[PDB]
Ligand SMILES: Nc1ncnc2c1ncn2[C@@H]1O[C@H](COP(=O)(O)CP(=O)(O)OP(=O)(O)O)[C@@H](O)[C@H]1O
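Next up: a single chain in structure tokens, the form solved without this ligand.
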């Protein structure tokens, strides 16, 4: 009696799970919104802006109309390597957002110390990939999770001091650096490492991982796997993710698909070509920032984000805008919204982005606990595609206009701002805008004139 090999692990549910972290895939939580949960862990933030900066290189005519294809190929080659390191070291890639990868090692509190060592080693091996670059911030401590959305769509955020800390840490780093948050440094095993102080900060820089003379990392890591719920093991020790082993389960797939864009699900269902979403396309970015007095307290900010989300989604529906990403910044929550800019009725479409931005601004400004709303609007060619590893990847939009809208919302807080392409293209009367002072914006290559969208009336 024969014993044929299994092969089939390519079900729709498995394909969907590539686009999500274990936090969600194995989360099994209520479908009430907002939903909040609380745990501890170690966070890694890998700035890959040095890679995403290649949108400019691949815009050249030299690439003969295959710039998007070449860009996705070379990005996925390098990012895949980073992903594999994270996954092999036991981490959960949470999101590809803000030209960074955010990863989590969720553990009980007593194990933070040893898991930090695992994460430092991982960080150093990541840098080791690109010798002949990236910046890494590490944090540890209390983490909160927020899931928000409606009956068809779901999003999540992780929130809290450790989340604030991990982006602050990475922001202090130079290329090739690993920076620890103050709490990470307080919680770590100091015998493992040599650090130096970072001027005007309580964060530290890892100079070396130099363990004690009898230390054996492989045996240490094996001990640490006791605390890693989903580390692939036994029969499945050859897999990068346990999620590769998911079987059909209609209830679970119904819940997981809500996190994934419909055009992605179309590809997953083999109803559109696998390369259709890798493209340089003209869009309008509407980047919405919501600031809160207490950005670490899920209990306060979670209802506000849910209420904002319900309104945002309703306004986007009217114009098939999409939410590409939601992620945290230092004082609040950012929504990266995307509109088609096909240019079949240029004044009409850019007018719509602007009107949607103002609607969102007006509504979110009256949501309890939202202290400041800021919206940046930029229009132009952007790279779109599914970026990451076969087993862990996400649809992403990258480019100078994404970065411009992001910076506008931070350097011109409390208002709706637009670039020159958007202003000019709208054909709206000029008195609906205000020409703004020029600001030198970190990371922005000469913005052109910027404008406030003042709106229809003098007021």
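Numbering follows the first chain given and starts at 1. For clarity, a rigid core is taken as the largest C-alpha set superposing within 1.5 Å between two forms. Residues that one form lacks are left out of the comparison.
Novice: Is residue 132 missing in a third or more of the other PDB entries that were compared?
Specialist: Yes, residue 132 lacks coordinates in at least a third of the other compared entries.
Novice: Using the PDB record, quantify the missing residues of the deposited sequence between residue 132 and residue 133 as none, 1 to 3, 4 to 9, or 10 or more.
Specialist: Count of unmodelled residues in between: 4 to 9.
Novice: Averaging CA B factors per stretch from the PDB record, which one is higher: 396 to 404 or 49 to 57?
Specialist: That would be 49 to 57.
Novice: According to the deposited model, is the average Cα temperature factor higher in 317 to 325 or in 342 to 350?
Specialist: Higher mean C-alpha B-factor in the PDB entry: 342 to 350.
Novice: Among 262, 108, 359, 73, which residue carries the highest C-alpha B-factor recorded in the PDB entry?
Specialist: Across 262, 108, 359, 73, the entry lists the biggest C-alpha B-factor for 108.
Novice: Per the coordinate record, which of the options 103, 283, 387, 175 holds the highest CA temperature factor?
Specialist: Across 103, 283, 387, 175, the entry lists the biggest C-alpha B-factor for 175.
Novice: When the modelled residues of the chain are sorted by Cα temperature factor, does residue 231 land in the lowest, middle or highest third?
Specialist: Lowest third of the chain for residue 231's C-alpha B-factor.
Novice: Taking the values exactly as deposited, rank residue 149 by C-alpha B-factor within its chain and report the matching third: lowest, middle or highest.
Specialist: Its C-alpha B-factor, which the entry lists for residue 149, ranks in the lowest third among residues of this chain.
Novice: Per the entry's values, where does residue 446 land by CA temperature factor relative to the rest of its chain, in the lowest, middle or highest third?
Specialist: Highest third, going by the recorded CA B-factors of the chain.
Novice: For residue 440, return the chain-relative third of its C-alpha B-factor as stated in the PDB record: lowest, middle or highest.
Specialist: Highest third, going by the recorded CA B-factors of the chain.
Novice: Using only modelled residues of the chain, where does the Cα B factor of residue 272 rank: lowest third, middle third or highest third?
Specialist: CA B-factor rank for residue 272: lowest third.
This protein has a second form, the form solved in complex with this ligand, left out of what is shown; the following refers to that one.
Novice: Please classify the binding site as open or blocked after superposing this ligand from its position in the entry with it bound; blocked means at least 3 ligand atoms come within 2.4 Å of backbone or C-beta atoms of this form.
Specialist: Site status blocked, 3 or more atoms under the 2.4 Å cut.
Novice: So which of 214 to 222, 98 to 106, 348 to 356, 362 to 370 is the stretch with heavy atoms within 4.5 Å of this ligand in the entry with it bound?
Specialist: Going through the listed ranges, the match is 98 to 106.
Novice: Can you tell me whether residue 50 touches this ligand? I mean in the entry with it bound, with a 4.5 angstroms heavy atom cut-off.
Specialist: Yes - in the entry with it bound, heavy atoms of residue 50 and this ligand come within 4.5 Å of each other.
Novice: I'd like to know if residue 426 sits close to this ligand in the entry with it bound, meaning any non-hydrogen atom pair within 4.5 angstroms.
Specialist: No, residue 426 sits far enough from this ligand in the entry with it bound that none of its heavy atoms falls within 4.5 Å.
Novice: Please check if residue 292 has a heavy atom lying within 4.5 Å of any heavy atom of this ligand in the entry with it bound.
Specialist: Residue 292: no, not in contact with this ligand in the entry with it bound.
Novice: May I ask you to check whether residue 407 falls inside a 4.5 Å heavy atom distance of this ligand in the entry with it bound?
Specialist: Yes, residue 407 is a contact residue.
Novice: Just to confirm, with a 4.5 Å cut-off on non-hydrogen atoms, which of 227, 339, 329, 231 contacts this ligand in the entry with it bound?
Specialist: The residue from 227, 339, 329, 231 that makes the contact is 329.
Novice: Check each of 421, 36, 415, 397 and return the one that places a heavy atom within 4.5 angstroms of this ligand in the entry with it bound.
Specialist: Selected residue: 397.
Novice: Among 317, 345, 247, 368, which is the residue that shifts its C-alpha 2 Å or more between this form and the one not shown, core superposed?
Specialist: None of the others reach 2 Å, which leaves 345.
Novice: Once both forms sit on the same rigid core, is the C-alpha displacement of residue 430 at or above 2 Å between this form and the one not shown?
Specialist: Comparing the forms between this form and the one not shown, which are aligned on their rigid core, residue 430 does not shift its C-alpha by 2 Å or more.
Novice: Taking the rigid core as the frame, does residue 51 move its C-alpha by 2 Å or more between this form and the one not shown?
Specialist: Yes; that C-alpha moves by at least 2 Å between this form and the one not shown.
Novice: Do residue 342 and residue 420 move together or apart in the entry with it bound, judged by C-alpha distance changing 3 Å or more?
Specialist: The answer is farther, because the C-alphas of residue 342 and residue 420 separate from each other in the entry with it bound by 3 Å or more.
Novice: Can you tell whether residue 336 sits closer to or farther from residue 344 in the entry with it bound than it does here, judged by CA atoms, where the change is 3 Å or more?
Specialist: Closer is correct, given that in the entry with it bound the C-alpha spacing of residue 336 to residue 344 is reduced by at least 3 Å.
Novice: Where the Cα shift reaches 2 Å or more for at least three residues in a row, which ranges qualify between this form and the one not shown on a rigid core fit?
Specialist: These are the shifted runs between this form and the one not shown: 49 to 53, 341 to 349.
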